[PDB]
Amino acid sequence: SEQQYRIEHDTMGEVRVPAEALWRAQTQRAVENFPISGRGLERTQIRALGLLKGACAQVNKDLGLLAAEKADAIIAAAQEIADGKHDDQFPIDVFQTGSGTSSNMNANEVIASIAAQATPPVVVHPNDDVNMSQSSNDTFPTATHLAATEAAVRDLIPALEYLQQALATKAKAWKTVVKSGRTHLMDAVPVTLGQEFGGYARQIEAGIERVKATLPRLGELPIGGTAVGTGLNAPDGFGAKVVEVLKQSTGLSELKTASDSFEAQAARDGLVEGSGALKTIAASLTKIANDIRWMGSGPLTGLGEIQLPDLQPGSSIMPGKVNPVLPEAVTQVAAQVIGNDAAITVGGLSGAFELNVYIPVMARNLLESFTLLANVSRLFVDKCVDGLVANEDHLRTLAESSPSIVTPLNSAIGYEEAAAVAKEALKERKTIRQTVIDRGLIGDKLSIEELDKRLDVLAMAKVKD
């Protein structure tokens, strides 16, 4: 049958709210007001709002500001929200008012409805009780920084740690697997596949380092500053006490009150800082994934250096073809993180006076970047990196083929003559060794024995470990 409504109200009047909804008047307005992307807060963001609302109620209870029956009912309802029992009750668009007033009221209203249908029913006012000592202006970006910290510490870093270990495992397994270095895409001097993969492992290690270095500021929460950062209508030390509860319940050691309470509301520069770390990682990952698909290019017309695990038929039309789908997923994610970074930057620069009103869009983009990076990193290990196989014979051949293996003769014959040696070898399809012989260079400056010691490609890659 037809959609049913019950009446709710706010300070602007009465609103018809769908009968099955736990949200009330202000949420419903926002539903009518912002039907823009059709996407609302993520699971991670609803969880954070839930945890925060509970902690605030806890502290209000602790300080005698909110009666136990009310506080306990708000905390039980907030726990349910944290646990994901009410995600369908947050229908508000990402592209709502830029302070998140609407989503803050969403949480307030939902908690009130939950508390009213409990056993026994408990009446809490969405503003006076569930929002006691709070503004959207501290709580909504607090929930944002909390979720972002969580994603950094529990989601991305562990994934990156796992990717790094998988790369370092190839660095060790392939330490003496000689091949031709390539600079500018042209034949350079020998390296090992291991040394390359050690490179990649460091890119990822430095990525972990990058994420960590943002945490001291990504971790700052404005809770306590209420409307403008003055903390009006909040008790002394409210923010400190909320953060203490949140640190205890989440186990996130990096959460802290803001250094400056006006900076933490007038700006979301911490979100801009965190995005810069992930855009760096997108650059590292693009590089890594690219070298891997290039190395796996073929079977026959490419570089043919390594074999990637087959994951799915490559082509609706070319039968038998298999494609480096995982590196494609990695490089597409990197592109998304880069675009998201730019969206965060615009948001970040557009604050005015006491409030940056781009929190939902910045929240959306930063958290997405974290999720995509974390997920793609784990898949990159399990469905690509771990099962790579080196084509070792073909790789030694490549190493031996570069005319630039003449390079270690520089100290003996000089750069100019060595260049002539390389030009001649290649013009006459001769080996560097025979060309050296032919050009009359064996003598006091260079014996045959020195020439062979020096052209040894594995020796030339100078394996350190």
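Quick note: we count residues from 1 along the sequence shown, nothing fancier.
**Q** Do the C-alpha atoms of 248-256 or of 303-311 have the higher average B factor in the entry?
**A** Mean C-alpha B-factor is greater for 248-256.
**Q** Would you determine, from the values in the PDB entry, which of 25-33 and 428-436 has the greater average C-alpha temperature factor?
**A** Taking the mean B-factor of the alpha carbons in each, 428-436 is higher.
**Q** Highest Cα B-factor in the PDB entry belongs to which of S261, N106, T119, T142?
**A** Answer for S261, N106, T119, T142: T119, with the highest C-alpha B-factor.
**Q** Can you tell me whether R154 has a C-alpha B-factor in the lowest, middle or highest third compared with the other modelled residues of the same chain?
**A** Highest third - that is where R154 ends up once the chain's C-alpha B-factors are sorted.
**Q** Based on the entry's values, in what third of the chain does the Cα temperature factor of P327 lie: lowest, middle or highest?
**A** Lowest third, going by the recorded CA B-factors of the chain.
**Q** Going by what the PDB entry lists, where does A115 fall on CA B-factor within its chain: lowest, middle or highest third?
**A** Its C-alpha B-factor belongs to the highest third of this chain's values.
**Q** Would you mind checking where the Cα B-factor of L163 ranks among the modelled residues of its chain, as the lowest, middle or highest third?
**A** Within its chain, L163 is a middle-third residue by C-alpha B-factor, going by the deposited values.
**Q** What third of its chain's C-alpha B-factors does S297 belong to: lowest, middle or highest?
**A** Lowest third - that is where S297 ends up once the chain's C-alpha B-factors are sorted.
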